Number of protein chains: 4
Amino acid sequence: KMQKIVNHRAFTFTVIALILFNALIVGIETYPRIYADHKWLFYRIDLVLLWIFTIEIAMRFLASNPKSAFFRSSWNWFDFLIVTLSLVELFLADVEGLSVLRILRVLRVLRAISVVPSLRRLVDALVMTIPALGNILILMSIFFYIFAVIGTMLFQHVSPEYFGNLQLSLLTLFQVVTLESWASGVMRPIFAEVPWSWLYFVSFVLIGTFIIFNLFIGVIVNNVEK
Amino acid sequence: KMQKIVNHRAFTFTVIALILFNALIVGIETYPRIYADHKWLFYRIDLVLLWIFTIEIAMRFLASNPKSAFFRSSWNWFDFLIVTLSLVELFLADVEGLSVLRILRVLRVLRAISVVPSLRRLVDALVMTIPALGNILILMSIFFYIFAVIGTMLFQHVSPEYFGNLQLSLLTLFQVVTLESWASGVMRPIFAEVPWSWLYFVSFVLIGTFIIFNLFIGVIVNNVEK
Amino acid sequence: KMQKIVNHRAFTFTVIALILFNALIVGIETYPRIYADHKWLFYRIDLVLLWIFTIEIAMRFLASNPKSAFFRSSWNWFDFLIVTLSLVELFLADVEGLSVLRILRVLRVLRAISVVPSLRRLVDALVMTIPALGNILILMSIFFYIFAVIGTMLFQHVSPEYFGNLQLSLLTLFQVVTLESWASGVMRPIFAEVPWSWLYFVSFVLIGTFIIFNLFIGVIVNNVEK
Amino acid sequence: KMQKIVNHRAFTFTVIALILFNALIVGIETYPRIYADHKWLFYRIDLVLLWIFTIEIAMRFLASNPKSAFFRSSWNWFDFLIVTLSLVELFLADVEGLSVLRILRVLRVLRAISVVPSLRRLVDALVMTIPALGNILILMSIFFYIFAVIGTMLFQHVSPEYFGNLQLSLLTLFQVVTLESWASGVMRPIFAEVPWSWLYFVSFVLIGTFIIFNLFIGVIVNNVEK
Ligand SMILES: CCCCCCCC/C=C/CCCCCCCC(=O)O[C@@H](COC(=O)CCCCCCCCCCCCCCC)COP(=O)([O-])OCC[N+](C)(C)C
Ligand SMILES: CCCCCCCC/C=C/CCCCCCCC(=O)O[C@@H](COC(=O)CCCCCCCCCCCCCCC)COP(=O)([O-])OCC[N+](C)(C)C
Ligand SMILES: CCCCCCCC/C=C/CCCCCCCC(=O)O[C@@H](COC(=O)CCCCCCCCCCCCCCC)COP(=O)([O-])OCC[N+](C)(C)C
Ligand SMILES: CCCCCCCC/C=C/CCCCCCCC(=O)O[C@@H](COC(=O)CCCCCCCCCCCCCCC)COP(=O)([O-])OCC[N+](C)(C)C
Ligand SMILES: CCCCCCCC/C=C/CCCCCCCC(=O)O[C@@H](COC(=O)CCCCCCCCCCCCCCC)COP(=O)([O-])OCC[N+](C)(C)C
Ligand SMILES: CCCCCCCC/C=C/CCCCCCCC(=O)O[C@@H](COC(=O)CCCCCCCCCCCCCCC)COP(=O)([O-])OCC[N+](C)(C)C
Ligand SMILES: CCCCCCCC/C=C/CCCCCCCC(=O)O[C@@H](COC(=O)CCCCCCCCCCCCCCC)COP(=O)([O-])OCC[N+](C)(C)C
Ligand SMILES: CCCCCCCC/C=C/CCCCCCCC(=O)O[C@@H](COC(=O)CCCCCCCCCCCCCCC)COP(=O)([O-])OCC[N+](C)(C)C
Ligand SMILES: CCCCCCCC/C=C\CCCCCCCC(=O)O[C@@H](COC(=O)CCCCCCCCCCCCCCC)COP(=O)([O-])OCC[N+](C)(C)C
Ligand SMILES: CCCCCCCC/C=C\CCCCCCCC(=O)O[C@@H](COC(=O)CCCCCCCCCCCCCCC)COP(=O)([O-])OCC[N+](C)(C)C
Ligand SMILES: CCCCCCCC/C=C\CCCCCCCC(=O)O[C@@H](COC(=O)CCCCCCCCCCCCCCC)COP(=O)([O-])OCC[N+](C)(C)C
Ligand SMILES: CCCCCCCC/C=C\CCCCCCCC(=O)O[C@@H](COC(=O)CCCCCCCCCCCCCCC)COP(=O)([O-])OCC[N+](C)(C)C
């Protein structure tokens with residue numbers, strides 16, 4: 001009565017192949033003409049692929065010793081979430097708010113990183129180094145917030161474009177920490193009006209960079225040790 | 001008569017929570033309409049928060065064994081400086097020179113990194129690696145100064161914008177070492193007139209980069225060792 | 001009857017010198033006037049250099065113990081491929097499709113990295129670290145594909161320039177991961193129309209960067225170990 | 001009769017202080033008005049500083065055991081070269097070709113890195129890692145040359161600006177390897193005409209980057225070892 005043996009060689013291979021085909025079709029469908037000429041087929045195949053993933057994860061669930069740890073392990077929670085999101089897409093297909101709904105029709109491909117064990121191990125390892133660089137991110141958040149607040153009150157009425165709110169300015173402070181056109185297009189047109197403005201960026205760009213550098217190093221000599 | 005026990009669990013927790021609320025309100029206040037509609041409340045809460053921080057640091061001072069090392073430790077000096085700067089803001093509120101005065105109303109949030117011990121330890125560690133990369137910064141300063149002097153006499157009358165003074169040119173030499181639009185907007189419009197100008201940037205961008213790279217490495221294989 | 005001894009000191013030296021001269025002439029020939037004034041000489045020297053390389057590699061082949069491992073080693077396969085490509089150039093000289101044919105007249109210089117042993121060892125070592133960073137590249141490919149698909153359906157009709165197809169958009173997603181004008185010229189003119197668009201880039205630029213950082217580290221603490 | 005003892009504490013201190021003052025004055029002199037109003041003083045002080053450096057290095061020479069190794073050590077050769085260059089400036093002051101002559105009036109400050117021993121040791125160490133990354137630079141040179149040649153024949157008549165010669169194009173290939181506006185301003189206006197052009201940059205920007213990354217790593221795990 002118990003479901004004892006369920007696993008075999010292609011038990012995954014077929015799933016990953018199917019996911020690849022899913023990616024292929026969901027990519028193709030993004031062409032206006034080709035999609036607009038064969039819509040019934042795309043409809044039917046999307047439905048059937050949805051149902052395959054559904055019955056797949058359900059098969060694993062039922063044959064995963066329910067009362068013991070299946071929903072206890074996070075990976076399967078992630079799989080389940082992905083399938084539920086595809087279902088949300090389906091059963092709430094096209095009321096109106098579809099623009100940010102068709103998108104979820106895509107991420108069903110990234111469950112690839114769940115099935116192939118090497119990618120699973122790699123991604124879990126990558127996440128396991130997030131609590132390593134924990135504090136540094138808090139420091140960087142403090143830094144960003146302080147500088148955003150300081151900017152939005154200084155340059156509010158000289159550059160409404162970049163420094164207009166605490167939200168909008170929290171953008172200009174991001175595309176500057178990445179050293180992206182921070183001089184000729186963020187500063188030179190401001191530094192022209194308020195001449196003492198430079199002390200802002202030349203400070204931020206400095207200290208920000210420093211922190212980032214150290215953050216990077218903080219990880220490097222952590223894997224030499226572990 | 002002596003103040004023996006003063007510490008407990010929330011002895012910090014309440015302070016850091018209050019600081020968070022301080023950040024929240026000082027952020028909100030940067031909206032023109034919302035601040036302009038409820039100013040009395042913002043006034044009163046700013047005053048009361050100021051007084052809370054004041055009585056807090058004073059409590060620590062009095063219950064910090066005055067004659068022994070309290071003002072001897074630098075962190076408390078930093079705290080005291082921050083509180084005094086907020087006070088400078090208050091008692092010298094709005095004579096006229098307020099533009100660069102309201103700013104100090106902000107950095108009172110960064111004393112967060114003082115109170116939570118993990119951030120304190122991290123920041124102290126980060127500073128402790130400044131005397132490590134001591135010389136390299138002297139070398140980089142020499143380099144910057146030399147190249148600024150060399151530029152301002154060559155391109156003074158062909159590009160008044162970027163190379164106009166030893167000060168202004170010390171900017172163009174900064175937004176070039178960060179590889180920010182150094183070619184199409186700093187050089188191509190100059191390289192057009194003085195054709196041999198390229199040897200300037202292609203030298204600087206080279207050597208500067210080299211130094212920086214080495215500086216970075218100079219830190220990396222210093223934490224593998226310590 | 002067997003070819004026993006074939007090697008000596010300059011056995012390579014002459015070849016690398018000749019290759020250097022080949023580079024020199026193939027570089028010179030890219031000037032319109034100078035090439036257009038002495039074409040017969042360039043013709044004849046190109047022919048003779050081709051034949052020198054031909055007889056060279058053929059000499060090695062015949063005096064490389066044919067039945068045993070000569071074509072078994074990959075380097076010689078690469079050499080042979082290069083010579084055959086030069087020959088393809090010659091015997092299929094100028095039917096019409098020459099634009100992407102004259103190019104192969106160039107890469108015959110890079111066989112330099114085959115002959116000088118230090119470069120050979122270095123390049124082989126560099127390649128030997130490709131299977132090291134194997135998975136991370138698969139993860140990055142998945143990431144790129146997902147984000148390209150997600151972009152091309154959102155911004156298809158607001159920015160036909162950058163996001164027009166799954167191909168063209170796979171470019172805009174490349175010159176953004178390199179942080180090249182990703183804000184002022186890829187996003188600000190889009191973020192103006194669809195205001196919620198920022199969550200796209202600020203996500204990608206984030207996660208992409210993270211992956212890349214880790215990839216880099218994944219190699220660093222792999223040479224400390226091997 | 002022999003010069004036995006010549007060294008003492010300030011034997012350097014005075015020299016480095018004087019060099020600092022030299023930097024200060026040579027910087028000041030770059031202002032048009034201020035220099036144009038007091039020229040006699042600047043003249044006389046430049047002359048006297050020149051003579052101080054002269055007599056200084058000559059003192060060291062004579063009291064450096066001439067027949068034994070003084071000119072044998074490279075640092076003193078560098079010092080001597082710098083002083084001779086200042087002298088070239090003086091005795092060949094203003095015939096006409098002064099534009100690239102006043103410049104040498106500057107680098108006399110960088111002899112600072114000779115006198116202060118910490119900087120001397122650091123700079124010598126930095127140079128001692130140039131023969132470490134020897135081959136990689138040869139590989140990068142090969143790469144640059146190949147791609148420059150390949151570009152200048154493809155895009156010669158569609159973008160005369162960037163790809164016009166083997167020299168000029170060797171610039172556009174430099175401000176692209178640094179990821180500086182390589183997409184929106186080097187490629188998009190070219191990729192519009194020759195549509196298959198992308199395979200150029202997306203290749204170069206790829207492989208170049210790879211090499212650079214590896215070069216960096218090639219140094220990192222060389223100081224963990226030495
Ligand atoms: C394991 C999970 C990872 C996922 C990896 C991906 C796995 C699955 C990959 C799936 C790829 C998706 C395929 C979609 C292409 C459909 C063909 C097409 O559109 O032709 C179009 C033409 O267009 C052309 O002329 C050229 C078509 C090739 C461009 C495809 C780019 C490659 C994407 C690869 C991305 C690689 C991702 C990595 C990137 C670093 C037709 O439309 P049209 O404009 O009307 O032209 C009319 C032509 N006609 C006259 C003949 C009618
Ligand atoms: C790990 C986390 C680390 C956190 C560290 C983060 C550090 C925070 C970084 C803060 C950056 C500072 C930004 C302020 C500079 C811009 C000001 C400006 O431009 O306005 C005016 C400059 O008016 C002046 O004269 C100011 C001259 C220098 C003031 C320096 C301010 C230092 C603030 C305290 C320093 C505290 C130091 C530290 C304290 C402990 C411009 O002129 P105006 O008056 O507006 O006149 C009208 C405009 N008009 C000119 C067109 C007519
Ligand atoms: C531990 C110390 C670290 C500090 C961390 C921060 C801790 C404290 C954080 C404090 C955050 C500050 C809150 C201020 C927002 C007030 C609400 C508001 O302005 O609404 C405005 C609307 O605006 C909107 O429509 C959207 C509002 C959300 C934008 C807030 C950005 C989040 C900042 C988070 C930064 C994260 C920092 C990290 C970033 C990496 C109302 O103004 P209006 O334009 O007139 O609109 C009219 C609307 N009405 C019709 C209803 C009237
Ligand atoms: C760790 C710290 C390391 C420090 C190292 C830092 C190194 C310092 C780096 C210095 C960079 C050098 C910058 C100078 C190049 C630009 C000059 C120029 O463009 O002007 C002229 C070029 O006129 C020429 O013909 C010059 C040709 C090459 C001269 C090379 C100068 C080397 C100086 C000595 C080298 C010393 C080497 C080292 C010595 C020990 C332009 O033409 P024009 O004459 O003006 O004519 C009028 C304009 N017109 C054309 C429109 C009509
Ligand atoms: C080991 C394998 C690695 C390969 C390494 C390379 C090894 C082999 C290197 C080969 C180099 C190729 C030489 C070609 C130059 C020919 C001379 C010429 O064109 O003169 C032109 C003038 O142009 C000038 O005025 C200046 C010429 C010097 C520019 C050459 C750039 C150096 C390229 C080095 C690249 C270094 C690569 C590294 C870069 C990091 C003449 O044409 P014109 O316009 O009509 O002028 C008329 C003048 N006239 C009046 C006198 C008639
Ligand atoms: C290692 C690999 C890691 C892979 C991770 C990769 C993660 C993937 C990253 C995906 C990035 C997400 C991009 C979507 C954001 C842009 C949407 C947009 O702008 O359209 C609309 C926003 O409409 C809204 O109101 C949306 C508000 C936020 C929605 C957030 C979407 C999250 C999707 C699920 C999150 C799943 C989380 C994870 C699930 C497990 C714009 O407005 P409009 O509706 O079009 O109205 C008409 C236009 N008009 C405004 C001009 C009138
Ligand atoms: C150890 C070796 C390493 C070398 C390190 C350097 C050591 C030696 C450093 C020497 C520094 C050189 C000093 C030159 C300044 C002269 C004063 C001046 O020009 O005033 C001008 C005004 O200009 C101003 O209004 C502000 C002047 C300060 C700008 C100086 C920038 C600091 C350079 C520091 C670079 C730091 C390098 C590091 C950078 C990272 C006057 O000219 P004017 O325009 O006509 O104004 C009229 C005013 N008036 C009405 C009163 C008349
Ligand atoms: C460590 C050192 C490593 C060294 C590695 C360095 C590798 C070297 C990297 C070289 C980069 C390659 C650059 C060439 C691509 C651009 C060509 C182009 O755009 O012209 C044409 C594309 O015409 C085509 O149809 C070409 C289609 C793809 C050809 C691929 C070329 C591969 C060359 C061999 C590959 C060898 C692989 C390796 C061999 C061993 C454009 O069209 P048109 O024909 O001009 O028509 C007229 C213009 N019109 C369109 C406006 C009307
Ligand atoms: C916190 C970082 C600062 C560093 C200080 C270092 C010394 C800083 C030197 C001088 C500082 C003060 C100069 C006096 C001028 C002040 C006001 C002024 O006139 O501004 C003038 C220029 O403003 C500049 O020139 C900014 C200088 C950029 C510094 C880049 C240093 C990079 C450090 C290297 C990092 C690597 C090593 C890192 C080692 C730490 C502009 O105003 P104006 O001339 O009156 O003209 C009117 C305005 N107008 C232009 C719109 C028309
Ligand atoms: C110090 C670094 C230099 C490196 C030298 C290497 C060889 C350098 C090769 C040739 C050097 C000399 C060429 C002769 C031309 C001189 C004058 C000239 O005519 O300029 C011409 C172009 O100027 C250029 O082309 C600059 C070349 C950029 C070099 C990029 C190398 C990157 C090294 C790779 C780094 C990685 C490996 C690093 C390994 C170290 C322009 O003048 P014009 O043509 O007469 O036209 C009139 C002016 N006009 C354009 C405004 C209309
Ligand atoms: C996934 C990453 C997100 C991070 C969230 C963090 C908090 C994010 C805070 C607030 C989030 C939501 C704000 C409410 C506004 C939503 C809609 C909106 O109005 O947009 C508004 C602005 O949009 C922005 O301001 C984007 C904020 C950029 C975030 C940069 C954070 C960098 C993290 C640091 C990385 C280092 C540490 C990393 C630690 C992880 C624009 O719309 P509008 O105002 O209505 O005006 C009409 C549109 N118009 C402009 C075209 C005219
Ligand atoms: C060597 C690197 C290549 C990689 C291949 C990967 C798959 C490449 C996918 C498809 C390749 C071929 C697509 C078919 C189109 C060919 C011709 C064409 O039409 O071009 C079209 C677009 O051209 C592009 O879209 C270029 C795609 C950029 C690739 C970015 C991948 C980054 C790798 C990630 C690095 C990280 C991981 C690294 C893992 C290695 C434009 O031509 P058109 O549409 O006809 O319109 C007319 C021209 N017009 C626009 C001027 C009007």
# chains A, B, ... in the order shown; residues from 1 in each chain; ligands from 1
$ closest_atom_pairs --of "chain A" --to "chain B" --cutoff "9 Å" --atoms "only C-alpha atoms" --output "Markdown table"
| residue | atom | partner | partner_atom | distance |
| --- | --- | --- | --- | --- |
| A:135 | CA | B:119 | CA | 6.6 |
| A:136 | CA | B:122 | CA | 8.0 |
| A:138 | CA | B:119 | CA | 8.4 |
| A:139 | CA | B:119 | CA | 7.4 |
| A:142 | CA | B:110 | CA | 7.1 |
| A:143 | CA | B:110 | CA | 8.2 |
| A:145 | CA | B:27 | CA | 8.7 |
| A:146 | CA | B:107 | CA | 7.0 |
| A:149 | CA | B:27 | CA | 6.2 |
| A:150 | CA | B:103 | CA | 6.1 |
| A:152 | CA | B:30 | CA | 7.1 |
| A:153 | CA | B:30 | CA | 6.4 |
| A:154 | CA | B:99 | CA | 7.3 |
| A:165 | CA | B:31 | CA | 7.0 |
| A:166 | CA | B:30 | CA | 7.3 |
| A:179 | CA | B:180 | CA | 6.7 |
| A:180 | CA | B:180 | CA | 6.9 |
| A:181 | CA | B:180 | CA | 6.1 |
| A:182 | CA | B:180 | CA | 7.3 |
| A:183 | CA | B:175 | CA | 6.4 |
| A:184 | CA | B:181 | CA | 7.3 |
| A:198 | CA | B:171 | CA | 8.8 |
| A:202 | CA | B:174 | CA | 8.6 |
| A:211 | CA | B:126 | CA | 8.6 |
| A:213 | CA | B:216 | CA | 7.9 |
| A:214 | CA | B:126 | CA | 7.7 |
| A:217 | CA | B:220 | CA | 6.3 |
| A:218 | CA | B:223 | CA | 8.9 |
| A:220 | CA | B:220 | CA | 7.7 |
| A:221 | CA | B:224 | CA | 6.0 |
| A:222 | CA | B:224 | CA | 9.0 |
| A:224 | CA | B:224 | CA | 7.4 |
| A:225 | CA | B:224 | CA | 8.4 |
$ residues_around --residues "residue 4 (chain A)" --least-positions-apart "3" --cutoff "12 Å" --atoms "only C-alpha atoms" --output "PyMOL selection string"
chain A and resi 1+7+60+62-65
$ select_by_dssp --residues "region 51-200 of chain D" --states "helix (DSSP H, G or I)" --output "VMD selection string"
chain D and resid 51 to 62 74 to 91 104 to 107 112 to 115 117 to 128 135 to 154 169 to 172 174 to 177 188 to 191 195 to 200
$ residues_near_ligand --ligand "ligand 11" --cutoff "6 Å" --atoms "only C-alpha atoms and all ligand atoms" --output "compact mmCIF listing (two decimals) with N, CA, C and O atoms, in the first residue's frame"
# COMPACT_ATOMS: atom_id res chain seq x y z
N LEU A 137 26.11 44.58 4.39
CA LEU A 137 24.94 45.05 3.68
C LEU A 137 24.14 46.03 4.54
O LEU A 137 23.58 47.00 4.01
N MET A 140 25.94 49.26 4.22
CA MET A 140 25.71 49.87 2.92
C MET A 140 24.31 50.46 2.83
O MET A 140 24.12 51.52 2.23
N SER A 141 23.33 49.80 3.43
CA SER A 141 21.98 50.35 3.45
C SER A 141 21.94 51.66 4.21
O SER A 141 21.35 52.64 3.76
N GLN A 167 12.45 58.63 -2.98
CA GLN A 167 12.43 57.44 -3.81
C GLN A 167 13.27 57.64 -5.06
O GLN A 167 14.23 56.91 -5.30
N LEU A 168 12.92 58.64 -5.86
CA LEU A 168 13.62 58.89 -7.11
C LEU A 168 15.10 59.10 -6.87
O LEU A 168 15.94 58.58 -7.61
N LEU A 170 16.83 57.87 -4.58
CA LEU A 170 17.45 56.61 -4.24
C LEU A 170 17.80 55.80 -5.46
O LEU A 170 18.38 54.72 -5.33
N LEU A 171 17.45 56.30 -6.64
CA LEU A 171 17.87 55.73 -7.91
C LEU A 171 19.17 56.38 -8.36
O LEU A 171 20.18 55.70 -8.57
N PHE A 174 21.93 55.12 -6.96
CA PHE A 174 22.33 53.77 -7.33
C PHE A 174 23.11 53.75 -8.63
O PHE A 174 24.15 53.11 -8.72
N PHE C 191 12.04 54.18 -18.37
CA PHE C 191 11.45 54.45 -17.06
C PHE C 191 10.55 55.67 -17.08
O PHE C 191 9.70 55.81 -16.20
N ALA C 192 10.69 56.54 -18.07
CA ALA C 192 9.79 57.68 -18.17
C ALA C 192 8.39 57.24 -18.56
O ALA C 192 7.40 57.76 -18.03
N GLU C 193 8.27 56.29 -19.48
CA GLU C 193 6.95 55.89 -19.95
C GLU C 193 6.31 54.87 -19.03
O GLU C 193 5.27 55.13 -18.42
N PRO C 195 6.48 53.56 -15.66
CA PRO C 195 7.20 54.01 -14.47
C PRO C 195 7.68 52.88 -13.60
O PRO C 195 8.71 53.01 -12.93
N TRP C 196 6.98 51.76 -13.58
CA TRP C 196 7.41 50.65 -12.76
C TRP C 196 8.53 49.86 -13.40
O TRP C 196 8.84 48.77 -12.92
N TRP C 198 11.68 50.31 -13.42
CA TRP C 198 12.94 50.25 -12.71
C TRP C 198 13.17 48.90 -12.07
O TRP C 198 14.29 48.38 -12.10
N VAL C 202 17.11 47.38 -11.75
CA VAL C 202 17.63 47.30 -10.40
C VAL C 202 17.62 45.88 -9.87
O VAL C 202 18.37 45.56 -8.95
N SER C 203 16.79 45.01 -10.44
CA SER C 203 16.92 43.60 -10.09
C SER C 203 18.08 42.98 -10.85
O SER C 203 19.03 42.48 -10.25
$ residues_around --residues "residue 116 (chain A)" --least-positions-apart "3" --cutoff "10 Å" --atoms "only C-alpha atoms" --output "NGL selection string"
:A and (12-13 or 15-16 or 111-113 or 119-121)
$ atom_distance --atom1 "atom 4 (C, counted along the ligand's line) of ligand 10" --atom2 "CA of residue 210 (chain D)"
21.0 Å
